[PDB]
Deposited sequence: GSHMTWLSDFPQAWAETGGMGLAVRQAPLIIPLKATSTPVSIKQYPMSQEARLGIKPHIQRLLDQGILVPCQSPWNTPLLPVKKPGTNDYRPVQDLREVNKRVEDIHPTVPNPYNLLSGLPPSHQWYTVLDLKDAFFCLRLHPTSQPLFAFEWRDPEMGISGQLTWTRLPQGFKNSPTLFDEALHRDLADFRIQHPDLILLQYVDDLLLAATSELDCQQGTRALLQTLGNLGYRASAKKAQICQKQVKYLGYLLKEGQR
């Protein structure tokens, strides 16, 4: 099957991703910005216990690292009844220099799909932002406090990869993946490839071209260090769901 032919391309079998061709990202601040340190709001034991295994997993993966930084933003526990960590980066966002929004809206993106190409493959990349390294100079920006009362733990952690909740993450990811897939596009001029951050659609004129193109796209993505969800993959179908649309009979 597809899962077995391309072990490196799937999140399920290829391990955590890392975009090896992309330089670690440097995040420019606005001209008058200085660090802001917001105290961590006290967290309930219930929330802390819920969040803990996620933090530990990220530490084990090297995605979080200990740090000491003049920046600090609060971690929010957000439920489901399962607490997960959500960093409030709003005050960091306000101090980071704006970039032009280059990600197309889905409506316009889909306008680039011709009736000629009606065989589809849809992939979503797992933990997309985390595949992009953050330059060490920019890591301190995103620090938060992690305390474990019953383990004498108290200090800051920060991200070594592009973080969730950062205003520029979707745009920077979209632009990075475009750079990495530029060659694939050149090597396969007959294929249509739509990118919406971590949501991809490959379209072909025939089931064959689609299966061949999909094989190529999977091999390329895996080689570049990205990882797609095998669970959710829609491979070589006449009908697929993409960006909240049902694509069928060239409609939508």
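**Q** If I number the deposited sequence starting at 1, which residue ranges have no C-alpha coordinates at all?
**A** Deposited residues absent from the model fall in 1 to 4, 84 to 86.
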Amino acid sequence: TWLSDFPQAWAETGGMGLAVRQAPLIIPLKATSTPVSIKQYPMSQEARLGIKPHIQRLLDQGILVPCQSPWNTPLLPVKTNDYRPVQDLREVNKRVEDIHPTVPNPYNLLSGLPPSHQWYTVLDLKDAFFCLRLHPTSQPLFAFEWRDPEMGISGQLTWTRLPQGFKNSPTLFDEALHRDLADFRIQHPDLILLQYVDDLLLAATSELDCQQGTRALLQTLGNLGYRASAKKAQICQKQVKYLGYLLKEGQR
From here on, numbers count along this sequence of modelled residues.
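Each form is matched to the other, and the largest set of C-alpha atoms that superpose within 1.5 Å is called the rigid core.
**Q** Line up the rigid core: which moves more in 9 other deposited structures of this protein, 154 to 162 or 90 to 98, by C-alpha RMS?
**A** Relative to the shown form, the greater RMS C-alpha distance in 9 other deposited structures of this protein belongs to 154 to 162.
**Q** Superpose on the core, then say which of 41 to 49 and 58 to 66 ends up with the larger RMS Cα offset from this form in 9 other deposited structures of this protein.
**A** It is 41 to 49 that deviates more in 9 other deposited structures of this protein.
**Q** For the other entries of this protein included in the comparison (both sides of the residue modelled), is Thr137 absent in a third of them or more?
**A** No; none of the other entries leave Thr137 out.
**Q** Quick one: across the other PDB entries of this protein we compared, is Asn72 left without coordinates in at least a third of them?
**A** No.
**Q** Where do the C-alpha atoms have the higher mean temperature factor in this entry, in 108 to 116 or in 91 to 99?
**A** Higher of the two, by average CA B-factor, is 108 to 116.
**Q** Between 44 to 52 and 188 to 196, name whichever shows the higher mean Cα B factor according to the PDB entry.
**A** Comparing 44 to 52 with 188 to 196, the higher mean C-alpha B-factor belongs to 188 to 196.
**Q** Looking at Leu18, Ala11, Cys236, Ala23, which has the highest Cα B-factor in the entry?
**A** Within the set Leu18, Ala11, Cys236, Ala23, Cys236 shows the top C-alpha B-factor.
**Q** Taking the entry's C-alpha B-factors for this chain, is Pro163 in the lowest, middle or highest third?
**A** Ranked within chain, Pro163 CA B lands in the lowest tercile.
**Q** According to the PDB entry, is the CA B factor of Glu175 in the bottom, middle or top third of its chain, that is, lowest, middle or highest?
**A** For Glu175, whose C-alpha B-factor we compare with every modelled residue in the chain, the answer is the lowest third.
**Q** Place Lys30 in the lowest, middle or highest third of its chain's C-alpha B-factors, as listed in the PDB entry.
**A** Lowest third.
**Q** Among all modelled residues of this chain, ranked by Cα B factor, put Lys126 in the bottom, middle or top third, i.e. lowest, middle or highest.
**A** Middle third.
**Q** Which third, lowest, middle or highest, does the CA B-factor of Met151 fall in along this chain?
**A** For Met151, whose C-alpha B-factor we compare with every modelled residue in the chain, the answer is the highest third.
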